[PDB]
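In this chain, numbering begins with 1 at the start of the sequence shown. Atoms within a ligand are numbered from 1 in the order they appear, just like the ligands themselves. Both backbone and side-chain heavy atoms feed into the values below; hydrogens, waters and symmetry mates do not.
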Amino acid sequence: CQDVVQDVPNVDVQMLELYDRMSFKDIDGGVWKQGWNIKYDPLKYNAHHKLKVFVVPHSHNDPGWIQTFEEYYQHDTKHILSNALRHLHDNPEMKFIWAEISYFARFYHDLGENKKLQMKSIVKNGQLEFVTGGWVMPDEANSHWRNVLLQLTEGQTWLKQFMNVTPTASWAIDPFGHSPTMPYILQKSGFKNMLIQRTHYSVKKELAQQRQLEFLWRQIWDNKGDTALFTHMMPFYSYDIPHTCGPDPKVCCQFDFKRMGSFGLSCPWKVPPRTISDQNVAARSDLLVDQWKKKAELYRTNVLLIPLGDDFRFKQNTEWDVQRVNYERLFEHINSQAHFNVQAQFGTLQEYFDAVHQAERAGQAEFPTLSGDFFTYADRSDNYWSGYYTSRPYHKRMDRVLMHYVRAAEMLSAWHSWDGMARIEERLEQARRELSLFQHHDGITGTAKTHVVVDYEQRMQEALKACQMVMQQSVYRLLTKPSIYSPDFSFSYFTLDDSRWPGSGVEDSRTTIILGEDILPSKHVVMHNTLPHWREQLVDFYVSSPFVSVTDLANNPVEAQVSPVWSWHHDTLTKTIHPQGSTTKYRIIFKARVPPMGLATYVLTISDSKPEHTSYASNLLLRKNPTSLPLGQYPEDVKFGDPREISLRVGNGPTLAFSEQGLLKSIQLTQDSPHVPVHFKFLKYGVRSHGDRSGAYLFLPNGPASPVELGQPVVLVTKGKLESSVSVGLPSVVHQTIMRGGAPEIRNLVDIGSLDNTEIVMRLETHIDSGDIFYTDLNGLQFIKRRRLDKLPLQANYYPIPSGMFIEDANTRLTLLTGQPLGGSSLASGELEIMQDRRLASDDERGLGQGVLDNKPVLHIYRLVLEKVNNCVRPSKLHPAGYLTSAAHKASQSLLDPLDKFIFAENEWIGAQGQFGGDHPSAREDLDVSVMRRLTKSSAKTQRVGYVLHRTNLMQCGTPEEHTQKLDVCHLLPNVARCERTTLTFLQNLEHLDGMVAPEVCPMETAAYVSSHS
Ligand SMILES: *[C@@H]1O[C@H](CO)[C@@H](O)[C@H](O)[C@H]1NC(C)=O
Ligand SMILES: O[C@H]1[C@H]2[C@H](O)CCCN2C[C@H]1O
Ligand SMILES: [Zn+2]
């Protein structure tokens, strides 16, 4: 295995190093506003060395933005695809590329057979070409790699089944900045080339001057270069026609033939296109070839890519004709005028890349190597697109909940083959497609109109219900004696209980387990662990009595803690935010221990008085002017006091000290150790009163954040043997620190209410000497080193925090793991900060046409890990990556893939069993089975199950960390007949494996395997 820590890769362009050297000056470059006046030598191209130009028609189709998916499909996309089929069928030389398979599948399934056959023929013969082939063209900042792979696989599996093609070239013209997680996944999915567009204008200028816009993009830790994927970065401000022919938009706009008037479009540079005729073709070709030769100066081969398209283009027949006929007149003239030394034609994206690599193999060009990312994007001036790292945070959090539910549903149901009447494949396909749709660059980004956001939310809610159905049917099958199992596939045997979604204070969605001497003495509950190692985690359930005890199914007592159910209220009468306790619902908490990829059953039983193995939390309300808080049968009375500093310790774990306002002020790791200053603070950013306004995309603060005025907030302290917590009602946020014996969990119930033009940030202040360095993750896959640059404005130093961030010095590290993608930064040495929500009254002029005024309460979750790192083997100072410790990685897993909880729905479960998966191997902690998916329906003689295996890389810090078992996914199901390593989408077999054994993968690698069973 390659060492991903100790060897700094030698690359021609390393983005962090480039960033440190670049000046980022925004100078007026002339007609190329963010470049320079390009010059070329007319003698470069001659009879024996022509410029080959590929004009590639395209249509950018968003699966929701200003309209919903279905609205756009009915108003625009179905007409574009119908007319593309007719026009390409009738004009053999015309070409077209298509990226969004969610729309193509929605169209193709509605076509009659004659037209399906016509469509298959224009794909087979190369006229219509699929680029990327994902369900969507995903956001690259907030998306988790697991969901980027899910949506790629959904679209490519559809393409292989119905079109018999698998794209090897990717097209990403609109995501707002670009992540190296894309070439990572694409190169492991058979790709050979990719194209990107939205990178900082200063980066385009810098790379264009060096002819480094085409490069072999490798991962930041890849010393050898095996992850490299050829990448083409487009050079200009947009993918529209004015910005794709060459450097001067006033000229290029005249070659967008849809802008002459009858289509309601025009050129803002005030020179319109004119129909090509024999009298003007020479002058028009002179202008166009000059633009092309200038664009060609920025690249190394004699093959030039000229995209021809824009949003929802090629809709009308008349548009297809106006673009095609005018370009064909230009080609016939240009290609016959020897003096131009150009051969131009319509082409596809793969045709362009194939010709570029032909030139490379002929020794005509060599390409530079590059590592790093392309965040944070700015399209002009100081307009950095860091706002969408936080916009619509409720749905960003929902994405991560559904991510996990889809993984758990596919894994739980994969163990068996199901009859078609069970509708398992139907519900899983629905769930995968709704989560895949939301990866769109106007979905998870929070950049769609309000009614479109509602549509995505509705689709994800249906997907969660589908996952629940499949999971609970699977648990019933896996834990019931087979000769007793009697499924009704529409019945609810179990209901899921989720303590953090939508979350306390967001929705009352959780069911209370109702026990009583005159109704039901006990209830079975089951936990599922999707991770491939044995795992313990505290779990909680609501119960109708505080006198409840827990047992396992061998009837062994399990230690439990009962706490009250506390709900916070913004009291419009007293004008305080304070908690109310239930006098009939209680929380019971206990430690569940679950096998790798397995299930464990427990029983909750009521008694008439305090059970021997259940303890009760104390509760202390700190506030001026308290009033009583009765809790019914709960056996400890609530205590009261004036606000004061407090300290708590659970188990052996850290001791946390809190200010009188209920906010952390220090962490002491052990009895002997220093109380390390770690302070939480909430602040607010505002908006500029003149000039550009913040909106869904842009973060344009009116200076550094100001502290939220806290008043004298009400603080609630709950102290228990298994779990303790401090919660405080602050303006717009109920902030909660929970202790269970290890790193604390932080929960914020964020309700920005009616605070217009405000962004609420949570900051951590420490004395760690981090300087200008901090680390953030990319897509939950890798941590990249960031350097705060004071030559850039505050908003440019914000980066996506899809799953975690950290700061460190020689001795100490503070890592904040997140359960949802949000924006964040380290704006000063020793600080970390992460945005919670933002409410903006103005539109930011990128086309959305609204501010963000649709906020709703959201429960954000985190883990906060303070550690000594002086003993850890870390990368050298020049390495661009960082790596988590074991405790931080486990804390991230606790947020993203918690245990699932099921409550048996009827009175008695006949045939119940105690555990499933006790014989599953418990794999080393850095290995995960990211995906387990049965790939065949029950009628297939040979069953196939696919697995995606990912190994992260954890720092070595001196812990022996020892005995685990090798995980061979091909032997997890019986009767294995074959084991193959495949691409990550499962669509191509790459290696037949000896002994039907699937080897584990190397650190930072991901592999896929398919086992076949007879
Ligand atoms: C699918 O494509 C392959 C080549 O890529 C071809 O050999 C095979 O016949 C095709 N199957 C069809 C036409 O469905
Ligand atoms: O995705 C839509 C929109 C983005 O939301 C912001 C950049 C311009 N894009 C055009 C549309 O495709
Ligand atoms: Zn778009």
Side-chain angles (χ1 to χ4, degrees), residues 58-69 71-72 76-77 80 98-100 102-103 116-126 129-143 156 158-168 171-178 190 195-199 201 234 236-244 307 309-313 315 350 377-380 383-389 391-392 437-450 452-453 456 695-698 843-852 987-989:
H58 70 96
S59 177
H60 181 64
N61 282 246
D62 297 298
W65 178 40
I66 303 318
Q67 299 185 45
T68 61
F69 180 89
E71 283 164 357
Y72 274 136
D76 298 279
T77 308
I80 294 167
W98 194 267
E100 303 88 3
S102 56
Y103 279 125
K116 284 186 171 171
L117 289 174
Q118 291 191 354
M119 182 68 85
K120 286 175 64 139
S121 81
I122 59 167
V123 168
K124 187 169 192 95
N125 65 1
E129 178 179 289
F130 291 106
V131 293
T132 311
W135 204 238
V136 302
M137 175 186 299
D139 177 35
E140 302 185 14
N142 299 295
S143 54
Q156 289 213 332
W158 191 97
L159 284 176
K160 182 176 186 188
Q161 183 173 1
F162 297 100
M163 283 302 108
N164 194 29
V165 298
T166 302
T168 61
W171 175 259
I173 53 167
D174 211 26
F176 321 140
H178 295 276
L195 172 148
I196 64 174
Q197 156 60 27
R198 292 191 182 278
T199 62
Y201 59 91
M234 303 164 49
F236 304 132
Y237 161 84
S238 174
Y239 56 76
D240 70 4
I241 294 164
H243 299 90
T244 45
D310 202 344
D311 292 4
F312 294 100
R313 285 300 188 92
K315 178 178 177 182
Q350 183 66 48
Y377 175 60
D379 58 338
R380 64 183 158 90
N383 286 193
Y384 286 83
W385 295 46
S386 44
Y388 84 97
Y389 304 158
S391 296
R392 277 66 172 262
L437 187 75
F438 195 59
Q439 306 314 302
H440 169 49
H441 59 270
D442 298 301
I444 188 171
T445 60
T447 56
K449 281 198 172 292
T450 300
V452 182
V453 175
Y456 291 134
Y697 307 88
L698 309 182
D843 172 65
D844 50 0
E845 301 179 59
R846 297 303 190 280
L848 171 56
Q850 63 163 86
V852 174
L987 299 175
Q988 180 186 9
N989 296 328

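With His60, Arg198, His441, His440 as candidates, the residue nearest to atom 7 (C) of ligand 2 on a non-hydrogen basis is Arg198.
Between the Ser391 side chain and the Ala696 main chain, a donor and an acceptor come within less than 3.5 Å of each other. A donor-acceptor pair is defined here as one N or O able to donate and one able to accept, closer than 3.5 Å; such a pair exists between the side chain of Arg392 and the backbone of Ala448.
Between the Zn ion (ligand 3) and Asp311 there is no N/O/S contact shorter than 2.8 Å. When distances to the Zn ion (ligand 3) are checked against a cut-off of 2.8 Å, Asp62 contributes an N, O or S atom below that limit. Residue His441 counts as close to the Zn ion (ligand 3), with an N, O or S atom under 2.8 Å.
Residue contact check for ligand 2: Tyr239 places a non-hydrogen atom closer than 4.0 Å to it.
Within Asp174, the N/O/S atom positioned nearest the Zn ion (ligand 3) carries the name OD2.
Using a 4.0 Å cut-off between a side-chain N of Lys or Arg and a carboxylate O of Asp or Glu, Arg198 and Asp174 qualify as a salt bridge.
Taking the six-membered ring where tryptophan is involved, the planes of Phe438 and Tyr456 are perpendicular, since the angle between them exceeds 60° and thus also 30°. In this structure, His60 and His441 have parallel ring planes: the angle between them is below the 30° cut-off, well short of the 60° mark.
Here the shortest heavy-atom pairing between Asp62 and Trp65 reads CB-CB, 4.1 Å. The shortest non-hydrogen separation linking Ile66 to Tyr72 is N-OH, 3.1 Å. For the pair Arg846 and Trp385, the tightest heavy-atom approach, listed with the atom from each and the gap, is NE-CZ2, 3.5 Å.
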Distance dump, ligand 1 polar atoms to protein, N/O, under 3.5 Å:
| unit_1 | atom_1 | unit_2 | atom_2 | d |
| --- | --- | --- | --- | --- |
| ligand 1 | 2 (O) | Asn164 | ND2 | 2.3 |
| ligand 1 | 11 (N) | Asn164 | ND2 | 2.8 |

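With a 4.0 Å heavy-atom cut-off, ligand 2 is reached by no atom of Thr445. By the criterion of a heavy-atom distance under 4.0 Å, neither the backbone nor the side chain of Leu848 is placed next to ligand 2.
Shortest contact from atom 12 (O) of ligand 2 to any protein heavy atom: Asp62 OD2, 2.5 Å. Summary of contacts: the protein heavy atom closest to atom 6 (C) of ligand 2 is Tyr697 CE2, 3.4 Å. Nearest protein heavy-atom neighbour of atom 1 (O) of ligand 2: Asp442 OD2, 2.6 Å. Atom 9 (N) of ligand 2 has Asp174 OD2, 2.8 Å as its closest protein atom, hydrogens excluded (heavy atom only).
Ring centers of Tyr377 and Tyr384: at least 6.0 Å apart, outside the cut-off. Checked against a 6.0 Å centroid threshold, the rings of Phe176 and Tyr697 count as neighbours.
The distance criterion of under 3.5 Å between nitrogen or oxygen atoms is not met by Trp385 with respect to ligand 2. Residue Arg846 has no N or O atom closer than 3.5 Å to an N or O atom of ligand 2.
Between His58 and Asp310 there is no side-chain heavy-atom pair separated by less than 4.5 Å. In this structure the side chain of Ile80 reaches within 4.5 angstrom of the side chain of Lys315, judged on heavy atoms.
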* List the steps, then state whether side chain to side chain donor-acceptor pair (under 3.5 Å) holds for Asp139 with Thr445. => CA-CA 7 Å; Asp139 177 35; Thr445 60; 5.9 Å; no
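Numbered from 1 in the order shown, with element, the atoms of ligand 2 that lie under 4.0 Å from a heavy atom of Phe176 read 4 (C), 5 (O), 6 (C), 7 (C).
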